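Source file: work35.csv; contents: CSV, N, CA, C and O atoms.
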chain,number,residue,atom,x,y,z
A,1,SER,N,196.4,152.4,38.9
A,1,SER,CA,197.6,151.9,39.5
A,1,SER,C,197.4,151.3,40.8
A,1,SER,O,198.1,150.4,41.3
A,2,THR,N,196.3,151.8,41.5
A,2,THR,CA,195.9,151.3,42.8
A,2,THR,C,194.4,151.1,42.8
A,2,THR,O,193.6,151.9,42.2
A,3,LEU,N,193.9,150.2,43.6
A,3,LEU,CA,192.5,149.9,43.8
A,3,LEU,C,192.2,149.8,45.3
A,3,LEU,O,193.1,149.8,46.1
A,4,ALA,N,190.9,149.7,45.6
A,4,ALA,CA,190.5,149.6,47.0
A,4,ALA,C,189.0,149.2,47.0
A,4,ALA,O,188.3,149.4,46.0
A,5,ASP,N,188.5,148.7,48.1
A,5,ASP,CA,187.2,148.3,48.3
A,5,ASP,C,186.6,148.9,49.6
A,5,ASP,O,187.4,149.2,50.5
A,6,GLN,N,185.3,149.0,49.7
A,6,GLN,CA,184.7,149.5,50.9
A,6,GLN,C,183.3,148.9,51.1
A,6,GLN,O,182.7,148.4,50.1
A,7,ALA,N,182.9,148.9,52.3
A,7,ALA,CA,181.6,148.3,52.7
A,7,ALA,C,181.0,149.0,53.8
A,7,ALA,O,180.4,148.4,54.8
A,8,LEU,N,181.0,150.4,53.8
A,8,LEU,CA,180.5,151.2,54.8
A,8,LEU,C,179.0,151.4,54.6
A,8,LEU,O,178.6,152.4,54.0
A,9,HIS,N,178.2,150.4,55.1
A,9,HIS,CA,176.8,150.4,54.9
A,9,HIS,C,176.2,149.3,55.7
A,9,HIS,O,176.9,148.4,56.2
A,10,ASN,N,174.9,149.3,55.8
A,10,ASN,CA,174.1,148.2,56.5
A,10,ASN,C,174.2,146.9,55.6
A,10,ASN,O,174.1,147.0,54.4
A,11,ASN,N,174.3,145.8,56.3
A,11,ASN,CA,174.3,144.5,55.6
A,11,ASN,C,173.5,143.5,56.4
A,11,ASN,O,172.4,143.2,56.0
A,12,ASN,N,174.0,143.1,57.6
A,12,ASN,CA,173.3,142.1,58.4
A,12,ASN,C,174.0,142.2,59.8
A,12,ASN,O,175.2,142.1,59.9
A,13,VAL,N,173.1,142.3,60.8
A,13,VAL,CA,173.6,142.4,62.2
A,13,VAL,C,173.3,141.0,62.8
A,13,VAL,O,172.2,140.4,62.7
A,14,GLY,N,174.3,140.6,63.6
A,14,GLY,CA,174.2,139.3,64.3
A,14,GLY,C,174.3,139.5,65.8
A,14,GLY,O,175.4,139.2,66.4
A,15,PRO,N,173.2,140.0,66.4
A,15,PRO,CA,173.2,140.2,67.9
A,15,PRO,C,173.1,138.9,68.6
A,15,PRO,O,172.1,138.1,68.4
A,16,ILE,N,174.1,138.6,69.5
A,16,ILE,CA,174.1,137.4,70.3
A,16,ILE,C,174.0,137.8,71.8
A,16,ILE,O,174.8,138.6,72.3
A,17,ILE,N,173.0,137.2,72.4
A,17,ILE,CA,172.8,137.4,73.8
A,17,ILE,C,172.4,136.1,74.5
A,17,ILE,O,171.7,135.3,73.9
A,18,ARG,N,172.7,136.0,75.8
A,18,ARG,CA,172.4,134.8,76.6
A,18,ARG,C,170.9,134.5,76.5
A,18,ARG,O,170.1,135.4,76.0
A,19,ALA,N,170.5,133.3,76.9
A,19,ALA,CA,169.1,132.9,76.8
A,19,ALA,C,168.5,132.9,78.2
A,19,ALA,O,169.3,132.9,79.2
A,20,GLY,N,167.2,132.8,78.3
A,20,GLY,CA,166.5,132.8,79.6
A,20,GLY,C,165.2,132.1,79.5
A,20,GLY,O,165.1,130.9,79.7
A,21,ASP,N,164.2,132.9,79.2
A,21,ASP,CA,162.8,132.3,79.0
A,21,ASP,C,161.9,133.5,78.6
A,21,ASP,O,162.1,134.6,78.8
A,22,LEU,N,160.8,133.1,77.9
A,22,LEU,CA,159.8,134.1,77.5
A,22,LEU,C,160.4,134.9,76.4
A,22,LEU,O,159.9,136.0,76.0
A,23,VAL,N,161.5,134.4,75.8
A,23,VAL,CA,162.2,135.1,74.7
A,23,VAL,C,161.5,134.8,73.4
A,23,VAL,O,161.8,135.5,72.4
A,24,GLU,N,160.6,133.8,73.4
A,24,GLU,CA,159.9,133.4,72.2
A,24,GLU,C,158.8,134.5,71.9
A,24,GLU,O,158.8,135.1,70.9
A,25,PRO,N,157.9,134.7,72.9
A,25,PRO,CA,156.8,135.6,72.8
A,25,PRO,C,157.3,137.1,72.9
A,25,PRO,O,156.6,138.0,72.5
A,26,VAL,N,158.6,137.2,73.4
A,26,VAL,CA,159.2,138.5,73.6
A,26,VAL,C,159.8,138.9,72.3
A,26,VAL,O,159.7,140.1,71.9
A,27,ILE,N,160.5,138.0,71.7
A,27,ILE,CA,161.2,138.2,70.4
A,27,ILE,C,160.1,138.5,69.3
A,27,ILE,O,160.3,139.4,68.5
A,28,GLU,N,159.0,137.8,69.4
A,28,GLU,CA,157.9,138.0,68.4
A,28,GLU,C,157.3,139.4,68.6
A,28,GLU,O,157.0,140.0,67.6
A,29,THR,N,157.2,139.8,69.8
A,29,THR,CA,156.6,141.1,70.1
A,29,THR,C,157.7,142.2,69.9
A,29,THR,O,157.3,143.4,69.6
A,30,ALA,N,158.9,141.8,70.0
A,30,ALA,CA,160.0,142.8,69.8
A,30,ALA,C,160.3,142.9,68.3
A,30,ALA,O,161.0,143.8,67.9
A,31,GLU,N,159.8,141.9,67.6
A,31,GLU,CA,160.0,141.9,66.1
A,31,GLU,C,158.9,142.7,65.4
A,31,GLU,O,159.2,143.4,64.4
A,32,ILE,N,157.7,142.6,66.0
A,32,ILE,CA,156.6,143.3,65.4
A,32,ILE,C,156.7,144.8,65.7
A,32,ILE,O,156.2,145.6,64.9
A,33,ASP,N,157.3,145.1,66.8
A,33,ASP,CA,157.5,146.5,67.2
A,33,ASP,C,158.3,147.2,66.1
A,33,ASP,O,158.2,148.4,65.9
A,34,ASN,N,159.1,146.4,65.4
A,34,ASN,CA,159.9,147.0,64.3
A,34,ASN,C,159.4,146.4,63.0
A,34,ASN,O,159.0,145.2,62.9
A,35,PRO,N,159.5,147.2,61.9
A,35,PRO,CA,159.1,146.8,60.6
A,35,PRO,C,160.2,145.8,59.9
A,35,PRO,O,160.7,146.1,58.8
A,36,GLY,N,160.5,144.8,60.7
A,36,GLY,CA,161.4,143.8,60.2
A,36,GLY,C,160.7,142.6,59.5
A,36,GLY,O,160.8,141.5,60.0
A,37,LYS,N,160.0,143.0,58.4
A,37,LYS,CA,159.3,141.9,57.7
A,37,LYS,C,160.3,141.3,56.7
A,37,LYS,O,160.0,141.1,55.5
A,38,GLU,N,161.5,140.9,57.2
A,38,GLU,CA,162.5,140.3,56.4
A,38,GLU,C,163.7,140.0,57.2
A,38,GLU,O,164.8,140.4,56.8
A,39,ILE,N,163.5,139.4,58.3
A,39,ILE,CA,164.6,139.1,59.2
A,39,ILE,C,164.5,137.6,59.6
A,39,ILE,O,163.5,137.0,59.5
A,40,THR,N,165.6,137.1,60.2
A,40,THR,CA,165.7,135.7,60.6
A,40,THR,C,166.3,135.6,62.0
A,40,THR,O,167.2,136.3,62.3
A,41,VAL,N,165.7,134.7,62.8
A,41,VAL,CA,166.2,134.5,64.1
A,41,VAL,C,166.9,133.1,64.2
A,41,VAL,O,166.7,132.3,63.4
A,42,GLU,N,167.7,132.9,65.3
A,42,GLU,CA,168.4,131.7,65.5
A,42,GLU,C,168.5,131.4,67.0
A,42,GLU,O,169.6,131.5,67.6
A,43,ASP,N,167.4,131.1,67.6
A,43,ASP,CA,167.4,130.8,69.0
A,43,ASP,C,167.6,129.3,69.2
A,43,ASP,O,166.6,128.5,68.9
A,44,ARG,N,168.7,128.9,69.7
A,44,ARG,CA,169.0,127.5,70.0
A,44,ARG,C,168.4,127.0,71.3
A,44,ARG,O,167.6,126.1,71.3
A,45,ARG,N,168.8,127.7,72.4
A,45,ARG,CA,168.3,127.4,73.7
A,45,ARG,C,169.1,128.0,74.8
A,45,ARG,O,168.6,128.7,75.7
A,46,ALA,N,170.4,127.9,74.6
A,46,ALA,CA,171.4,128.4,75.5
A,46,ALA,C,171.6,129.9,75.3
A,46,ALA,O,171.6,130.7,76.2
A,47,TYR,N,171.6,130.3,74.0
A,47,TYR,CA,171.8,131.7,73.6
A,47,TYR,C,170.7,132.1,72.6
A,47,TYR,O,170.0,131.2,72.0
A,48,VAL,N,170.6,133.4,72.4
A,48,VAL,CA,169.6,133.9,71.4
A,48,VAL,C,170.4,134.7,70.4
A,48,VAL,O,171.0,135.8,70.7
A,49,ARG,N,170.3,134.3,69.2
A,49,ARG,CA,170.9,135.0,68.1
A,49,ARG,C,169.9,135.5,67.0
A,49,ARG,O,168.9,134.8,66.9
A,50,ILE,N,170.2,136.6,66.4
A,50,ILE,CA,169.3,137.1,65.4
A,50,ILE,C,170.1,137.5,64.2
A,50,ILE,O,171.3,137.6,64.2
A,51,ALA,N,169.4,137.8,63.1
A,51,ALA,CA,170.0,138.2,61.9
A,51,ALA,C,169.1,139.3,61.1
A,51,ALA,O,168.4,138.9,60.2
A,52,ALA,N,169.3,140.5,61.6
A,52,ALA,CA,168.5,141.6,61.0
A,52,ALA,C,169.2,142.2,59.8
A,52,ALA,O,170.3,141.7,59.5
A,53,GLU,N,168.6,143.2,59.2
A,53,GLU,CA,169.2,143.8,58.0
A,53,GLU,C,170.4,144.6,58.4
A,53,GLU,O,171.5,144.4,57.9
A,54,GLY,N,170.2,145.5,59.4
A,54,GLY,CA,171.3,146.3,59.9
A,54,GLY,C,170.7,147.5,60.6
A,54,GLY,O,171.2,147.8,61.8
A,55,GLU,N,169.8,148.2,60.0
A,55,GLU,CA,169.2,149.4,60.6
A,55,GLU,C,167.8,149.1,61.2
A,55,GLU,O,166.8,149.0,60.5
A,56,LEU,N,167.9,148.8,62.5
A,56,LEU,CA,166.6,148.5,63.2
A,56,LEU,C,166.5,149.4,64.4
A,56,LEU,O,167.4,150.1,64.8
A,57,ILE,N,165.2,149.4,64.9
A,57,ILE,CA,164.9,150.2,66.1
A,57,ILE,C,163.9,149.5,66.9
A,57,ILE,O,162.8,149.3,66.5
A,58,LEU,N,164.3,149.2,68.1
A,58,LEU,CA,163.4,148.5,69.1
A,58,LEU,C,163.0,149.5,70.2
A,58,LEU,O,163.8,150.3,70.7
A,59,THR,N,161.7,149.4,70.6
A,59,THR,CA,161.2,150.3,71.6
A,59,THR,C,160.5,149.5,72.7
A,59,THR,O,159.7,150.0,73.5
A,60,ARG,N,160.7,148.2,72.6
A,60,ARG,CA,160.0,147.3,73.5
A,60,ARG,C,160.9,147.1,74.8
A,60,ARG,O,160.9,146.0,75.4
A,61,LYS,N,161.6,148.1,75.2
A,61,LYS,CA,162.4,148.1,76.3
A,61,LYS,C,161.6,147.8,77.6
A,61,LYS,O,162.1,147.3,78.6
A,62,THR,N,160.3,148.1,77.5
A,62,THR,CA,159.4,147.8,78.5
A,62,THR,C,159.2,146.3,78.8
A,62,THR,O,159.3,145.8,79.9
A,63,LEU,N,159.0,145.6,77.7
A,63,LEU,CA,158.8,144.2,77.7
A,63,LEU,C,160.1,143.5,78.2
A,63,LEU,O,160.0,142.5,78.9
A,64,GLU,N,161.2,144.1,77.8
A,64,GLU,CA,162.5,143.6,78.2
A,64,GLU,C,162.8,144.0,79.7
A,64,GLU,O,163.6,143.4,80.3
A,65,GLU,N,162.1,145.0,80.1
A,65,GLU,CA,162.3,145.5,81.5
A,65,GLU,C,161.5,144.7,82.5
A,65,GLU,O,161.9,144.5,83.6
A,66,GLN,N,160.3,144.4,82.0
A,66,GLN,CA,159.4,143.6,82.9
A,66,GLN,C,160.0,142.2,83.1
A,66,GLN,O,159.9,141.7,84.2
A,67,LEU,N,160.6,141.6,82.1
A,67,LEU,CA,161.2,140.3,82.2
A,67,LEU,C,161.9,140.2,83.5
A,67,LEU,O,162.1,139.1,84.1
A,68,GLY,N,162.4,141.4,84.0
A,68,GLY,CA,163.1,141.4,85.3
A,68,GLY,C,163.1,142.9,85.9
A,68,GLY,O,164.1,143.5,86.0
A,69,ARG,N,161.9,143.2,86.2
A,69,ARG,CA,161.7,144.6,86.8
A,69,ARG,C,162.6,144.8,88.0
A,69,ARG,O,163.2,145.8,88.2
A,70,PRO,N,162.7,143.7,88.9
A,70,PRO,CA,163.6,143.8,90.0
A,70,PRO,C,165.1,143.6,89.6
A,70,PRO,O,165.7,142.7,90.0
A,71,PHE,N,165.5,144.6,88.8
A,71,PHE,CA,166.9,144.6,88.4
A,71,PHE,C,167.3,146.0,87.9
A,71,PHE,O,166.7,147.0,88.4
A,72,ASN,N,168.3,146.1,87.1
A,72,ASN,CA,168.8,147.3,86.6
A,72,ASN,C,169.2,147.2,85.1
A,72,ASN,O,168.8,146.2,84.5
A,73,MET,N,169.9,148.2,84.6
A,73,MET,CA,170.3,148.1,83.2
A,73,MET,C,171.7,147.4,83.0
A,73,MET,O,172.0,147.0,81.9
A,74,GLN,N,172.4,147.3,84.2
A,74,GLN,CA,173.7,146.6,84.2
A,74,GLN,C,173.5,145.2,83.7
A,74,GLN,O,174.5,144.6,83.1
A,75,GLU,N,172.4,144.6,84.0
A,75,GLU,CA,172.1,143.2,83.6
A,75,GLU,C,172.0,143.1,82.1
A,75,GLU,O,172.4,142.1,81.5
A,76,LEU,N,171.5,144.2,81.4
A,76,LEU,CA,171.4,144.2,80.0
A,76,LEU,C,172.8,144.1,79.4
A,76,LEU,O,173.0,143.2,78.6
A,77,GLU,N,173.6,145.1,79.7
A,77,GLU,CA,175.0,145.1,79.2
A,77,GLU,C,175.7,143.8,79.6
A,77,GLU,O,176.8,143.5,79.1
A,78,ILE,N,175.2,143.1,80.6
A,78,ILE,CA,175.8,141.9,81.1
A,78,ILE,C,175.3,140.7,80.2
A,78,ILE,O,176.1,139.9,79.9
A,79,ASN,N,174.0,140.7,79.9
A,79,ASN,CA,173.5,139.6,79.2
A,79,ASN,C,174.0,139.8,77.7
A,79,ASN,O,173.2,139.9,76.8
A,80,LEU,N,175.3,139.7,77.5
A,80,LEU,CA,175.9,139.8,76.2
A,80,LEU,C,176.6,138.5,75.9
A,80,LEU,O,177.2,137.9,76.8
A,81,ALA,N,176.5,138.1,74.6
A,81,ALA,CA,177.2,136.9,74.2
A,81,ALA,C,178.1,137.3,73.0
A,81,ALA,O,179.3,136.9,73.1
A,82,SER,N,177.6,137.9,72.0
A,82,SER,CA,178.4,138.3,70.9
A,82,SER,C,177.6,139.4,70.1
A,82,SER,O,176.4,139.7,70.3
A,83,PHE,N,178.3,140.0,69.1
A,83,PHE,CA,177.7,141.0,68.2
A,83,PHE,C,178.4,141.0,66.9
A,83,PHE,O,179.4,140.3,66.7
A,84,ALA,N,177.8,141.8,66.0
A,84,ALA,CA,178.4,142.0,64.7
A,84,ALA,C,178.5,143.5,64.3
A,84,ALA,O,179.5,143.9,63.8
A,85,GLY,N,177.5,144.2,64.6
A,85,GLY,CA,177.4,145.6,64.3
A,85,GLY,C,177.5,146.4,65.6
A,85,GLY,O,178.1,146.0,66.6
A,86,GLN,N,176.8,147.6,65.6
A,86,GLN,CA,176.7,148.4,66.8
A,86,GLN,C,175.3,148.4,67.3
A,86,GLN,O,174.4,147.8,66.8
A,87,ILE,N,175.1,149.2,68.5
A,87,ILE,CA,173.9,149.3,69.1
A,87,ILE,C,173.8,150.5,70.0
A,87,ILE,O,174.9,150.9,70.6
A,88,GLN,N,172.7,151.1,70.1
A,88,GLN,CA,172.5,152.3,71.0
A,88,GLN,C,171.1,152.2,71.7
A,88,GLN,O,170.1,152.2,71.0
A,89,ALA,N,171.2,152.2,73.0
A,89,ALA,CA,170.0,152.2,73.8
A,89,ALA,C,169.6,153.6,74.3
A,89,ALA,O,170.5,154.4,74.4
A,90,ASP,N,168.4,153.8,74.5
A,90,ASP,CA,167.9,155.1,74.9
A,90,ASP,C,167.2,155.0,76.2
A,90,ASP,O,167.2,153.9,76.8
A,91,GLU,N,166.6,156.1,76.7
A,91,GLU,CA,165.9,156.1,78.0
A,91,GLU,C,165.2,154.8,78.2
A,91,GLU,O,165.4,154.1,79.3
A,92,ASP,N,164.4,154.4,77.2
A,92,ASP,CA,163.7,153.1,77.3
A,92,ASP,C,163.5,152.6,75.9
A,92,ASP,O,162.4,152.4,75.5
A,93,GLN,N,164.6,152.3,75.3
A,93,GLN,CA,164.6,151.7,73.9
A,93,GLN,C,166.0,151.2,73.5
A,93,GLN,O,167.0,151.4,74.2
A,94,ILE,N,166.0,150.4,72.5
A,94,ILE,CA,167.2,149.7,72.0
A,94,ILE,C,167.2,149.7,70.5
A,94,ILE,O,166.4,149.0,69.9
A,95,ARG,N,168.1,150.5,69.9
A,95,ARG,CA,168.3,150.6,68.5
A,95,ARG,C,169.6,149.9,68.0
A,95,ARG,O,170.6,150.2,68.6
A,96,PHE,N,169.5,149.1,67.0
A,96,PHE,CA,170.6,148.4,66.5
A,96,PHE,C,171.0,148.9,65.1
A,96,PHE,O,170.1,149.2,64.3
A,97,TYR,N,172.3,149.1,64.9
A,97,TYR,CA,172.8,149.6,63.7
A,97,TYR,C,174.1,148.9,63.2
A,97,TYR,O,175.0,148.7,64.1
A,98,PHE,N,174.1,148.5,62.0
A,98,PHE,CA,175.3,147.8,61.4
A,98,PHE,C,176.3,148.7,60.9
A,98,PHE,O,177.5,148.4,60.9
A,99,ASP,N,175.9,149.9,60.5
A,99,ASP,CA,176.8,150.9,60.0
A,99,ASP,C,178.0,151.1,61.0
A,99,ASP,O,177.8,151.2,62.2
A,100,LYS,N,179.1,151.2,60.4
A,100,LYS,CA,180.4,151.3,61.1
A,100,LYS,C,180.5,152.8,61.6
A,100,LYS,O,180.2,153.1,62.7
A,101,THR,N,181.0,153.6,60.6
A,101,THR,CA,181.2,155.0,60.9
A,101,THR,C,179.8,155.7,61.1
A,101,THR,O,178.9,155.6,60.2
A,102,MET,N,179.7,156.3,62.2
A,102,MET,CA,178.5,157.0,62.6
A,102,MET,C,178.8,158.5,63.0
A,102,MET,O,177.9,159.3,62.9
Once more with this new file: its structure as structure tokens, please.
Amino acid sequence: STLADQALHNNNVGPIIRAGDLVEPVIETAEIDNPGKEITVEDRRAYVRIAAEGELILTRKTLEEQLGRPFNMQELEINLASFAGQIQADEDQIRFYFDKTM
């Protein structure tokens, strides 16, 4: 009599963040840090966009920290452009998750 649909699971995350520099060798190193042997990036120039599976975990917070040692974490949450899923940063790490309900 009634139907419904659901999509509570990982699919594809589209993290969008401003661009700067050294994001090429940084993204490559930030990609190897994670077993993302099946992801695609979309760096135009002004901004940096990615397309991961959904459940990823980055620990290259150091490489991202060095990019601007003379700063804070507020810059991170500031360097935001757009998103698709969720994300959770740790002491010195950044994990991305597409899953809605957690």
What does the distance from atom CA of residue A:39 to atom CA of residue A:21 come to in Å, to one decimal? 21.0 Å
Using only C-alpha atoms: which of A:96, A:54, A:73, A:88 has the shortest distance to residue A:8: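 With only C-alpha atoms as the atom set, the closest residue is A:54.
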Just checking: using only N, CA, C and O atoms, which residue out of A:48, A:82, A:55, A:17 ends up closest to residue A:35?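 Counting only N, CA, C and O atoms, the residue closest to residue A:35 is A:55.
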Could you pull out the strand (DSSP E or B) residues of chain A, going by DSSP on the backbone, and write them as a compact mmCIF listing (two decimals) with N, CA, C and O atoms, keeping the file's coordinate frame?
# COMPACT_ATOMS: atom_id res chain seq x y z
N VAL A 13 173.10 142.30 60.80
CA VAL A 13 173.60 142.40 62.20
C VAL A 13 173.30 141.00 62.80
O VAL A 13 172.20 140.40 62.70
N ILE A 16 174.10 138.60 69.50
CA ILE A 16 174.10 137.40 70.30
C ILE A 16 174.00 137.80 71.80
O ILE A 16 174.80 138.60 72.30
N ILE A 17 173.00 137.20 72.40
CA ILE A 17 172.80 137.40 73.80
C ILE A 17 172.40 136.10 74.50
O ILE A 17 171.70 135.30 73.90
N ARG A 18 172.70 136.00 75.80
CA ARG A 18 172.40 134.80 76.60
C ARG A 18 170.90 134.50 76.50
O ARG A 18 170.10 135.40 76.00
N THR A 40 165.60 137.10 60.20
CA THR A 40 165.70 135.70 60.60
C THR A 40 166.30 135.60 62.00
O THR A 40 167.20 136.30 62.30
N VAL A 41 165.70 134.70 62.80
CA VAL A 41 166.20 134.50 64.10
C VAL A 41 166.90 133.10 64.20
O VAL A 41 166.70 132.30 63.40
N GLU A 42 167.70 132.90 65.30
CA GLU A 42 168.40 131.70 65.50
C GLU A 42 168.50 131.40 67.00
O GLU A 42 169.60 131.50 67.60
N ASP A 43 167.40 131.10 67.60
CA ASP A 43 167.40 130.80 69.00
C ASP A 43 167.60 129.30 69.20
O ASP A 43 166.60 128.50 68.90
N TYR A 47 171.60 130.30 74.00
CA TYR A 47 171.80 131.70 73.60
C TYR A 47 170.70 132.10 72.60
O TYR A 47 170.00 131.20 72.00
N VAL A 48 170.60 133.40 72.40
CA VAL A 48 169.60 133.90 71.40
C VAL A 48 170.40 134.70 70.40
O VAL A 48 171.00 135.80 70.70
N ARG A 49 170.30 134.30 69.20
CA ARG A 49 170.90 135.00 68.10
C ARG A 49 169.90 135.50 67.00
O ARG A 49 168.90 134.80 66.90
N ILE A 50 170.20 136.60 66.40
CA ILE A 50 169.30 137.10 65.40
C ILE A 50 170.10 137.50 64.20
O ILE A 50 171.30 137.60 64.20
N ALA A 51 169.40 137.80 63.10
CA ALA A 51 170.00 138.20 61.90
C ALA A 51 169.10 139.30 61.10
O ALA A 51 168.40 138.90 60.20
N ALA A 52 169.30 140.50 61.60
CA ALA A 52 168.50 141.60 61.00
C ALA A 52 169.20 142.20 59.80
O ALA A 52 170.30 141.70 59.50
N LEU A 56 167.90 148.80 62.50
CA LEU A 56 166.60 148.50 63.20
C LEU A 56 166.50 149.40 64.40
O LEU A 56 167.40 150.10 64.80
N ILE A 57 165.20 149.40 64.90
CA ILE A 57 164.90 150.20 66.10
C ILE A 57 163.90 149.50 66.90
O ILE A 57 162.80 149.30 66.50
N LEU A 58 164.30 149.20 68.10
CA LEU A 58 163.40 148.50 69.10
C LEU A 58 163.00 149.50 70.20
O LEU A 58 163.80 150.30 70.70
N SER A 82 177.60 137.90 72.00
CA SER A 82 178.40 138.30 70.90
C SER A 82 177.60 139.40 70.10
O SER A 82 176.40 139.70 70.30
N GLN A 86 176.80 147.60 65.60
CA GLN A 86 176.70 148.40 66.80
C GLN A 86 175.30 148.40 67.30
O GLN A 86 174.40 147.80 66.80
N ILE A 87 175.10 149.20 68.50
CA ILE A 87 173.90 149.30 69.10
C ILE A 87 173.80 150.50 70.00
O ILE A 87 174.90 150.90 70.60
N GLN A 88 172.70 151.10 70.10
CA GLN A 88 172.50 152.30 71.00
C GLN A 88 171.10 152.20 71.70
O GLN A 88 170.10 152.20 71.00
N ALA A 89 171.20 152.20 73.00
CA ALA A 89 170.00 152.20 73.80
C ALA A 89 169.60 153.60 74.30
O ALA A 89 170.50 154.40 74.40
N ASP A 90 168.40 153.80 74.50
CA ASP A 90 167.90 155.10 74.90
C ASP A 90 167.20 155.00 76.20
O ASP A 90 167.20 153.90 76.80
N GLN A 93 164.60 152.30 75.30
CA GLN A 93 164.60 151.70 73.90
C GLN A 93 166.00 151.20 73.50
O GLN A 93 167.00 151.40 74.20
N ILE A 94 166.00 150.40 72.50
CA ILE A 94 167.20 149.70 72.00
C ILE A 94 167.20 149.70 70.50
O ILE A 94 166.40 149.00 69.90
N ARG A 95 168.10 150.50 69.90
CA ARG A 95 168.30 150.60 68.50
C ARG A 95 169.60 149.90 68.00
O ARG A 95 170.60 150.20 68.60
N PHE A 96 169.50 149.10 67.00
CA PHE A 96 170.60 148.40 66.50
C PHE A 96 171.00 148.90 65.10
O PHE A 96 170.10 149.20 64.30
N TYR A 97 172.30 149.10 64.90
CA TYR A 97 172.80 149.60 63.70
C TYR A 97 174.10 148.90 63.20
O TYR A 97 175.00 148.70 64.10
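When all atoms listed in the file are used to measure the gap to residue A:26, the shortest distance among A:5, A:90, A:43, A:64 belongs to A:64.
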Tell me which of A:24, A:18, A:61, A:69 sits closest to residue A:47, counting all atoms listed in the file.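 Looking only at the distances to residue A:47, the closest residue turns out to be A:18.
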Got a sec: who's within 8 Å of residue A:52, counting all atoms listed in the file, leaving out chain neighbours fewer than 4 positions off, as a PyMOL selection string? chain A and resi 10-15+36+38-41+56
Go ahead and dump the residues you just picked, N, CA, C and O atoms, as an mmCIF file, in the coordinates of the input.
data_model
loop_
_atom_site.group_PDB
_atom_site.id
_atom_site.type_symbol
_atom_site.label_atom_id
_atom_site.label_comp_id
_atom_site.auth_asym_id
_atom_site.auth_seq_id
_atom_site.Cartn_x
_atom_site.Cartn_y
_atom_site.Cartn_z
ATOM 1 N N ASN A 10 174.900 149.300 55.800
ATOM 2 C CA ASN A 10 174.100 148.200 56.500
ATOM 3 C C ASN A 10 174.200 146.900 55.600
ATOM 4 O O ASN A 10 174.100 147.000 54.400
ATOM 5 N N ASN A 11 174.300 145.800 56.300
ATOM 6 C CA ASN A 11 174.300 144.500 55.600
ATOM 7 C C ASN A 11 173.500 143.500 56.400
ATOM 8 O O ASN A 11 172.400 143.200 56.000
ATOM 9 N N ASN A 12 174.000 143.100 57.600
ATOM 10 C CA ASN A 12 173.300 142.100 58.400
ATOM 11 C C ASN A 12 174.000 142.200 59.800
ATOM 12 O O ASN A 12 175.200 142.100 59.900
ATOM 13 N N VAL A 13 173.100 142.300 60.800
ATOM 14 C CA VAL A 13 173.600 142.400 62.200
ATOM 15 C C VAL A 13 173.300 141.000 62.800
ATOM 16 O O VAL A 13 172.200 140.400 62.700
ATOM 17 N N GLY A 14 174.300 140.600 63.600
ATOM 18 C CA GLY A 14 174.200 139.300 64.300
ATOM 19 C C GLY A 14 174.300 139.500 65.800
ATOM 20 O O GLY A 14 175.400 139.200 66.400
ATOM 21 N N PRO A 15 173.200 140.000 66.400
ATOM 22 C CA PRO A 15 173.200 140.200 67.900
ATOM 23 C C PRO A 15 173.100 138.900 68.600
ATOM 24 O O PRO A 15 172.100 138.100 68.400
ATOM 25 N N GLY A 36 160.500 144.800 60.700
ATOM 26 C CA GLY A 36 161.400 143.800 60.200
ATOM 27 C C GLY A 36 160.700 142.600 59.500
ATOM 28 O O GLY A 36 160.800 141.500 60.000
ATOM 29 N N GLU A 38 161.500 140.900 57.200
ATOM 30 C CA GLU A 38 162.500 140.300 56.400
ATOM 31 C C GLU A 38 163.700 140.000 57.200
ATOM 32 O O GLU A 38 164.800 140.400 56.800
ATOM 33 N N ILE A 39 163.500 139.400 58.300
ATOM 34 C CA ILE A 39 164.600 139.100 59.200
ATOM 35 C C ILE A 39 164.500 137.600 59.600
ATOM 36 O O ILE A 39 163.500 137.000 59.500
ATOM 37 N N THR A 40 165.600 137.100 60.200
ATOM 38 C CA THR A 40 165.700 135.700 60.600
ATOM 39 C C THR A 40 166.300 135.600 62.000
ATOM 40 O O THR A 40 167.200 136.300 62.300
ATOM 41 N N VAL A 41 165.700 134.700 62.800
ATOM 42 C CA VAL A 41 166.200 134.500 64.100
ATOM 43 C C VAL A 41 166.900 133.100 64.200
ATOM 44 O O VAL A 41 166.700 132.300 63.400
ATOM 45 N N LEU A 56 167.900 148.800 62.500
ATOM 46 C CA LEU A 56 166.600 148.500 63.200
ATOM 47 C C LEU A 56 166.500 149.400 64.400
ATOM 48 O O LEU A 56 167.400 150.100 64.800
#
What's the 6 Å shell around residue A:57, counting only N, CA, C and O atoms, without same-chain residues fewer than 4 positions away, as a VMD selection string? chain A and resid 30 33 to 34 94 to 96
Please produce a file of those selected residues containing N, CA, C and O atoms, as a JSON list (two decimals), in the frame of the given file.
[["chain", "number", "residue", "atom", "x", "y", "z"],
["A", 30, "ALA", "N", 158.90, 141.80, 70.00],
["A", 30, "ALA", "CA", 160.00, 142.80, 69.80],
["A", 30, "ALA", "C", 160.30, 142.90, 68.30],
["A", 30, "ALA", "O", 161.00, 143.80, 67.90],
["A", 33, "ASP", "N", 157.30, 145.10, 66.80],
["A", 33, "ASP", "CA", 157.50, 146.50, 67.20],
["A", 33, "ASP", "C", 158.30, 147.20, 66.10],
["A", 33, "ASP", "O", 158.20, 148.40, 65.90],
["A", 34, "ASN", "N", 159.10, 146.40, 65.40],
["A", 34, "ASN", "CA", 159.90, 147.00, 64.30],
["A", 34, "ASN", "C", 159.40, 146.40, 63.00],
["A", 34, "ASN", "O", 159.00, 145.20, 62.90],
["A", 94, "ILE", "N", 166.00, 150.40, 72.50],
["A", 94, "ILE", "CA", 167.20, 149.70, 72.00],
["A", 94, "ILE", "C", 167.20, 149.70, 70.50],
["A", 94, "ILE", "O", 166.40, 149.00, 69.90],
["A", 95, "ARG", "N", 168.10, 150.50, 69.90],
["A", 95, "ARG", "CA", 168.30, 150.60, 68.50],
["A", 95, "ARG", "C", 169.60, 149.90, 68.00],
["A", 95, "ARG", "O", 170.60, 150.20, 68.60],
["A", 96, "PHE", "N", 169.50, 149.10, 67.00],
["A", 96, "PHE", "CA", 170.60, 148.40, 66.50],
["A", 96, "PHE", "C", 171.00, 148.90, 65.10],
["A", 96, "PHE", "O", 170.10, 149.20, 64.30]]
